[PDB]
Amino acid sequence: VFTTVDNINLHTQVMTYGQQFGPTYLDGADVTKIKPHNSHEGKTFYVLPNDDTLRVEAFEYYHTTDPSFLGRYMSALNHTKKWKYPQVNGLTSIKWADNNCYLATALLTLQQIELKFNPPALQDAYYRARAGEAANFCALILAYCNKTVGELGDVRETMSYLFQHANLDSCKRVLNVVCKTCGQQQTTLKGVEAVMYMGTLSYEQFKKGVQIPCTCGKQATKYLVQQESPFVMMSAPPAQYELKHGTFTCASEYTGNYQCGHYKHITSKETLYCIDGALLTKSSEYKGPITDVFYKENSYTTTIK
């Protein structure tokens, strides 16, 4: 048979699996204690890294040394394999199961923004997800986010974790802070901090300025001087918000109470589409509880001296 950690580098091997190889998985399902059948023969098994060659191969494919990672990934995959991934409005969604609404919203969002994942495991799975086969990609999202199946998930926290595994180095955000007393200070943010803001949904309002505390004691004004990124994510606690066709890429709708409510996805095409897992409605106007709005960007410089 063949052992692997990445399903690229295959090593030939020939008493339980757990005694010979340590924790040994097949197609999601733990076969550590279980024995070697005759149709459990010739195929490819995943193993926990137990020698240097496999640790290096594991880090090179996943970008983590965390020894739980593989087990958390296989426990997720055992469920995500059984979910349905229908095409909805030319996007791979997920049918509702095991509290996955937040994952579906993230997955739909990731198909509409420009992102390169550093870990080969994630990039490969992203491409396969975009082409309709998203089980692997969803298991990896759960593992990288330290979330298990059924656990209550936040889209902003999931996007934040995923962004930290993505090539956002070229992304730059210059902010000016204007206080009556302390005066003007400019800050350069890079990477994840350049593409994410919590406090308002409106990219327009971020450019025009928002009111934040100053250390001195007063209320100051933060405004956007310069943005170099393919997109920005604007987030705020759920609040009734109007979404206008053509002024945003997509948005997370969040209904109900902290943690135990539900997400739906709004996307701006030729009209506004609402994706609720397998279900698709459309309308020209939208007002509802929004918590995330994604916008297109390349290069922005303010006309405020």
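We number the residues from 1 along the sequence you see. Rigid core: the largest C-alpha set superposing within 1.5 Å between the two forms.
Comparing 208-216 and 101-109 where Cα RMS over structures and residues is taken in 4 other deposited structures of this protein (core fit), larger one: Once the core is superposed, the stretch further away in 4 other deposited structures of this protein is 208-216.
More variable segment, 33-41 or 52-60 [Cα RMS over structures in 4 other deposited structures of this protein, core-superposed]: This comes out as 33-41, the stretch further from the shown form in 4 other deposited structures of this protein.
Missing from the model but present in the deposited sequence, between residue 14 and residue 15: Gap between residue 14 and residue 15: 4 to 9 unmodelled residues.
Mean temperature factor over C-alpha atoms, higher-scoring stretch between 22-30 and 259-267: Taking the mean B-factor of the alpha carbons in each, 22-30 is higher.
Which of 130-138 and 215-223 has higher mean CA B factor, as the PDB entry lists it: Taking the mean B-factor of the alpha carbons in each, 215-223 is higher.
Residue with highest C-alpha B-factor in the PDB entry, from 64, 68, 39, 53: Comparing C-alpha B-factors across 64, 68, 39, 53, the top value belongs to 39.
Identity of residue with top Cα B-factor, from 148, 185, 111, 87: Comparing C-alpha B-factors across 148, 185, 111, 87, the maximum falls on 185.
Residue 291 CA temperature factor, ranked by third within the chain: For residue 291, whose C-alpha B-factor we compare with every modelled residue in the chain, the answer is the lowest third.
Where the record places residue 191 (Cα B-factor, split into thirds across the chain): CA B-factor rank for residue 191: middle third.
Ranked against its chain, the third holding the CA B-factor of residue 100: Answer is lowest: the recorded C-alpha B-factor places it there.
Residue 179, C-alpha B-factor rank within chain (lowest, middle or highest third): For residue 179, whose C-alpha B-factor we compare with every modelled residue in the chain, the answer is the highest third.
Third of chain Cα B-factors occupied by residue 93: Lowest third of the chain for residue 93's C-alpha B-factor.
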